[PDB]
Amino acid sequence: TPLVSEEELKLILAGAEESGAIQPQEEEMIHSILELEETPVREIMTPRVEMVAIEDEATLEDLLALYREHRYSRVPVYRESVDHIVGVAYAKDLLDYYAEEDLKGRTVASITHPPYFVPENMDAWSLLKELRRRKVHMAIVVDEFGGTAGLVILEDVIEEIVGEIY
(Lines of atoms letter the chains of each structure in order from A and count residues from 1; the text may use other names and numbers.)
(Lines give C-alpha, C1' and ligand atoms only; values in the text may rest on other atoms or scores of the structure.)
Protein backbone atom coordinates (compact mmCIF):
# COMPACT_ATOMS: atom_id res chain seq x y z
CA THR A 1 0.00 0.00 0.00
CA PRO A 2 2.44 2.77 1.08
CA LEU A 3 4.76 4.91 -1.09
CA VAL A 4 8.47 5.17 -0.27
CA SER A 5 11.82 6.34 -1.65
CA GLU A 6 15.21 4.64 -1.83
CA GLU A 7 16.48 6.42 1.30
CA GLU A 8 13.34 5.63 3.31
CA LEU A 9 13.57 1.99 2.16
CA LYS A 10 17.19 1.69 3.36
CA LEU A 11 16.04 3.15 6.71
CA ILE A 12 13.21 0.61 7.00
CA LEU A 13 15.77 -2.12 6.26
CA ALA A 14 17.97 -0.99 9.15
CA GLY A 15 14.83 -0.79 11.32
CA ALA A 16 13.63 -4.30 10.40
CA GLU A 17 17.12 -5.76 10.96
CA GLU A 18 17.36 -4.12 14.38
CA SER A 19 13.81 -5.60 14.57
CA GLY A 20 14.74 -9.24 13.96
CA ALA A 21 12.04 -9.56 11.26
CA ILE A 22 14.89 -10.38 8.85
CA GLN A 23 18.42 -11.68 9.36
CA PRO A 24 21.47 -9.38 9.68
CA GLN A 25 22.94 -11.18 6.65
CA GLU A 26 19.79 -11.05 4.49
CA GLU A 27 19.70 -7.32 5.30
CA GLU A 28 23.34 -6.83 4.32
CA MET A 29 22.59 -8.72 1.06
CA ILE A 30 19.58 -6.60 0.04
CA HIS A 31 21.36 -3.42 1.14
CA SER A 32 24.30 -4.57 -1.02
CA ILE A 33 21.96 -4.99 -4.00
CA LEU A 34 20.97 -1.36 -3.44
CA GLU A 35 24.53 -0.06 -3.10
CA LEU A 36 25.67 -1.77 -6.34
CA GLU A 37 24.42 1.19 -8.37
CA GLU A 38 26.64 3.46 -6.24
CA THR A 39 29.82 1.45 -6.26
CA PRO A 40 32.36 2.12 -9.02
CA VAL A 41 34.38 -0.86 -10.20
CA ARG A 42 37.41 1.05 -8.87
CA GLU A 43 36.25 0.39 -5.33
CA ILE A 44 36.11 -3.36 -5.93
CA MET A 45 38.77 -4.06 -8.52
CA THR A 46 42.20 -5.55 -8.14
CA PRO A 47 44.47 -2.60 -9.00
CA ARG A 48 47.23 -2.82 -11.58
CA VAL A 49 49.95 -2.85 -8.92
CA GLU A 50 48.79 -6.11 -7.33
CA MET A 51 47.75 -7.99 -10.39
CA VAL A 52 49.44 -10.88 -12.11
CA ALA A 53 49.87 -10.39 -15.87
CA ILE A 54 51.81 -12.38 -18.49
CA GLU A 55 53.26 -11.63 -21.92
CA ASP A 56 51.74 -12.92 -25.16
CA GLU A 57 55.03 -14.45 -26.33
CA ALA A 58 55.70 -16.36 -23.09
CA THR A 59 55.17 -20.13 -23.13
CA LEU A 60 52.39 -22.23 -21.65
CA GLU A 61 54.99 -23.62 -19.26
CA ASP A 62 55.40 -20.04 -18.08
CA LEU A 63 51.64 -19.69 -17.54
CA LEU A 64 51.62 -22.97 -15.60
CA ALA A 65 54.41 -21.81 -13.33
CA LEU A 66 52.62 -18.51 -12.81
CA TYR A 67 49.49 -20.37 -11.77
CA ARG A 68 51.48 -22.53 -9.36
CA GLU A 69 53.18 -19.63 -7.61
CA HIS A 70 50.45 -16.94 -7.50
CA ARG A 71 47.45 -19.29 -7.80
CA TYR A 72 45.34 -17.00 -10.00
CA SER A 73 43.13 -19.05 -12.31
CA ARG A 74 42.83 -16.37 -15.04
CA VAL A 75 45.53 -13.97 -16.15
CA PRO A 76 45.58 -10.81 -18.31
CA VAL A 77 47.88 -10.81 -21.32
CA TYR A 78 49.99 -7.86 -22.48
CA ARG A 79 52.52 -7.28 -25.24
CA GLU A 80 54.98 -4.50 -24.42
CA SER A 81 53.92 -3.33 -20.95
CA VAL A 82 50.86 -3.86 -18.77
CA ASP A 83 49.27 -0.76 -20.30
CA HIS A 84 48.98 -2.53 -23.69
CA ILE A 85 46.71 -5.45 -22.75
CA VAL A 86 46.02 -7.85 -25.61
CA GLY A 87 43.71 -10.42 -24.03
CA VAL A 88 43.07 -12.85 -21.19
CA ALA A 89 44.19 -16.44 -20.60
CA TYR A 90 42.77 -19.13 -18.33
CA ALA A 91 44.88 -21.68 -16.47
CA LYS A 92 42.31 -24.48 -16.90
CA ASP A 93 42.82 -24.28 -20.65
CA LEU A 94 46.25 -25.74 -19.92
CA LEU A 95 44.45 -29.00 -19.11
CA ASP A 96 43.44 -29.44 -22.75
CA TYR A 97 47.17 -29.67 -23.54
CA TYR A 98 48.58 -30.78 -20.13
CA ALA A 99 51.50 -32.47 -21.92
CA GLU A 100 54.99 -31.78 -20.53
CA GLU A 101 55.95 -31.76 -24.23
CA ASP A 102 53.27 -29.55 -25.72
CA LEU A 103 53.31 -26.81 -23.07
CA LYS A 104 56.79 -25.41 -23.72
CA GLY A 105 55.80 -25.69 -27.39
CA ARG A 106 53.08 -23.00 -27.65
CA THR A 107 52.89 -19.32 -26.56
CA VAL A 108 50.19 -17.90 -24.28
CA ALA A 109 49.03 -16.00 -27.37
CA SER A 110 47.70 -19.31 -28.71
CA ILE A 111 45.03 -19.50 -25.94
CA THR A 112 44.34 -15.82 -25.34
CA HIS A 113 40.75 -14.58 -25.40
CA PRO A 114 39.86 -11.09 -26.54
CA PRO A 115 39.70 -8.48 -23.77
CA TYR A 116 36.76 -6.57 -22.26
CA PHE A 117 37.51 -2.98 -21.23
CA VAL A 118 35.33 -0.96 -18.86
CA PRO A 119 36.01 2.66 -17.86
CA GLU A 120 37.47 3.24 -14.41
CA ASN A 121 34.16 4.59 -13.04
CA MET A 122 31.49 2.14 -14.28
CA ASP A 123 29.17 1.03 -11.53
CA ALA A 124 29.02 -2.51 -10.20
CA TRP A 125 25.36 -2.72 -11.25
CA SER A 126 26.24 -2.06 -14.90
CA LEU A 127 29.25 -4.39 -14.64
CA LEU A 128 27.17 -7.25 -13.32
CA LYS A 129 24.81 -6.59 -16.22
CA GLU A 130 27.59 -6.54 -18.83
CA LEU A 131 29.53 -9.49 -17.42
CA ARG A 132 26.55 -11.84 -16.96
CA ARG A 133 25.74 -11.74 -20.69
CA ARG A 134 29.37 -12.53 -21.72
CA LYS A 135 31.49 -15.70 -21.74
CA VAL A 136 34.41 -13.89 -20.02
CA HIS A 137 33.60 -12.92 -16.43
CA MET A 138 36.65 -10.64 -16.32
CA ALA A 139 37.01 -7.07 -17.54
CA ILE A 140 40.03 -4.76 -17.70
CA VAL A 141 39.49 -1.50 -15.78
CA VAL A 142 40.98 1.37 -17.81
CA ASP A 143 42.01 4.82 -16.47
CA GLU A 144 40.98 8.14 -18.01
CA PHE A 145 44.00 8.32 -20.32
CA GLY A 146 43.77 4.77 -21.73
CA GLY A 147 46.06 3.03 -19.25
CA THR A 148 45.28 -0.07 -17.24
CA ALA A 149 43.81 0.86 -13.88
CA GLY A 150 43.22 -2.70 -12.74
CA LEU A 151 41.13 -5.82 -13.27
CA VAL A 152 37.65 -6.84 -12.12
CA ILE A 153 35.82 -10.18 -12.15
CA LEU A 154 32.20 -11.18 -11.70
CA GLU A 155 33.00 -13.07 -8.50
CA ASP A 156 33.98 -9.73 -6.96
CA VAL A 157 30.53 -8.24 -7.68
CA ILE A 158 29.13 -11.50 -6.35
CA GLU A 159 31.12 -11.17 -3.14
CA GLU A 160 29.85 -7.60 -2.81
CA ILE A 161 26.34 -9.00 -2.67
CA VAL A 162 26.84 -12.14 -0.55
CA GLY A 163 30.20 -11.81 1.21
CA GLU A 164 33.56 -13.51 0.97
CA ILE A 165 33.71 -17.08 -0.30
CA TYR A 166 36.95 -18.98 -1.14
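The numbering used is simple: start at 1 and walk along the sequence shown.
- 120-128 and 94-102 differ in mean CA B-factor, and the higher of the two is recorded for 94-102.
- Of the two stretches examined, 3-11 and 155-163, the record assigns the greater average C-alpha temperature factor to 3-11.
- Reading the B-factor column for the CA atoms of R48, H113, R42, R133 in the entry, the top value corresponds to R133.
- Residue-level temperature factors show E17 in the highest third of its chain, judged at the C-alpha atom.
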